[PDB]
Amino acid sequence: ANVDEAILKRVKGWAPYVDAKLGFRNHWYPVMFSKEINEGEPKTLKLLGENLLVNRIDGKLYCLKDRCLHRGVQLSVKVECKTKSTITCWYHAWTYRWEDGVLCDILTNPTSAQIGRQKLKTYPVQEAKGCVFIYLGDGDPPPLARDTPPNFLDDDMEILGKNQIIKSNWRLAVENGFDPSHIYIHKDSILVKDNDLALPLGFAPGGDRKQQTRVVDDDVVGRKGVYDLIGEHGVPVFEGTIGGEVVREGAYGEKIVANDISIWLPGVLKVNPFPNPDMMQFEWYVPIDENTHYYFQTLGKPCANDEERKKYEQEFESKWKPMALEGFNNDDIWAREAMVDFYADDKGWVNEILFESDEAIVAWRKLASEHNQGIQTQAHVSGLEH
């Protein structure tokens, strides 16, 4: 659908992942924080190439396609919400219900035969952990847990975060995050010194292929992911040599982090524990279009009462956001950007030369290829045909 068929033949058995340049349909995706959208103040965003409107009405979130059925304009060019339950297109006043998208009135012609006989596309929206998730899919949504990493939705788990727009395809972001050897780029992070981390330069793998990862297709809520097990039979590399001469060393700190690393559909990474031995990082790479993604970062820490939550919030702001989310992950951002050119023409997928640690990524490409709930296409974006 999205990629030259000749390229897809050459990547037999990751073909669906390579074709998924616009992301996977029929999954939940986070797109903003609860606090960023107030009652009766609609917001625009693009998700899987589709312009959407989100509104809060009586505290509850509704999502409509931001495209009038009449002449295809964005309603958001000029929002006219003239009753709590509706939005009126600024152009000829076609009026839609937030709840089901039905065209319930037209101000310019209250006798039109279109009234009650057209419906704008809606998508389910759910808040959880102060995060807004949209189900960019058709039919009844699965439970959110299916599309979230283990422990993200535990009651005591306190989630704080940052979101921004990054100029790479979402897959470059996923692959970079789940890439065992990419740790090399983090070797000079401020967070490595100022939080005393142990961080290898890389890994000398051991064991067979299958032992490099755990493929999860047996989780009870239907989650699908891969654990990076390179450290189980593998030896960490702390001395980097060229011609046998030591030219770089890893970091010899006390704090042990990233005991478990896992990537889940539709494209969320869990690193545990990180950036501190008492915390978790969950980050999403959410497809906006083929060139762009939301880098939706969250840090989870169990909190037992309001006091622990106050405490957490204060170190999040003063330490963990500037030192980890920025000071550690900024390098991830420009690593992703550096892969764009080679993958832009879809040929990177056939001309890359992989090495042993890339077995984690291969396993993700196969898991995504097989367990995704649908390939988003340009036809989904441009609509059904009249």
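For clarity, a rigid core is taken as the largest C-alpha set superposing within 1.5 Å between two forms. In case it trips you up, residue 1 is the first one in the sequence shown, and so on.
- Superposing each structure in 6 other deposited structures of this protein on the rigid core shows that the farther-lying of 120-128 and 227-235, by root-mean-square Cα distance, is 227-235.
- Larger average C-alpha displacement in 6 other deposited structures of this protein, relative to the shown form after a rigid core fit, is seen for 208-216 when comparing 208-216 with 106-114.
- Taking only CA atoms, the mean B-factor in the PDB entry is higher for 325-333 than for the other of 64-72 and 325-333.
- Stretch comparison (266-274 versus 91-99) by mean CA B-factor in the PDB entry places 266-274 on top.
- Of all the options 283, 105, 80, 254, the entry's greatest CA B-factor is assigned to 254.
- As recorded in the entry, 217 carries the highest CA temperature factor of 179, 217, 290, 245.
- Annotation for residue 338: CA B-factor lies in the lowest third of the chain's modelled residues.
- Sorting the modelled residues of the chain by their CA temperature factor places residue 46 in the lowest third.
- Residue 357: CA B factor lies in the lowest third for its chain, per the PDB record.
- Remark: residue 136 belongs to the lowest third of its chain, ranked by C-alpha B-factor as recorded.
- Placement of the Cα temperature factor of residue 228 within the chain: middle third of the modelled residues, per the deposited record.
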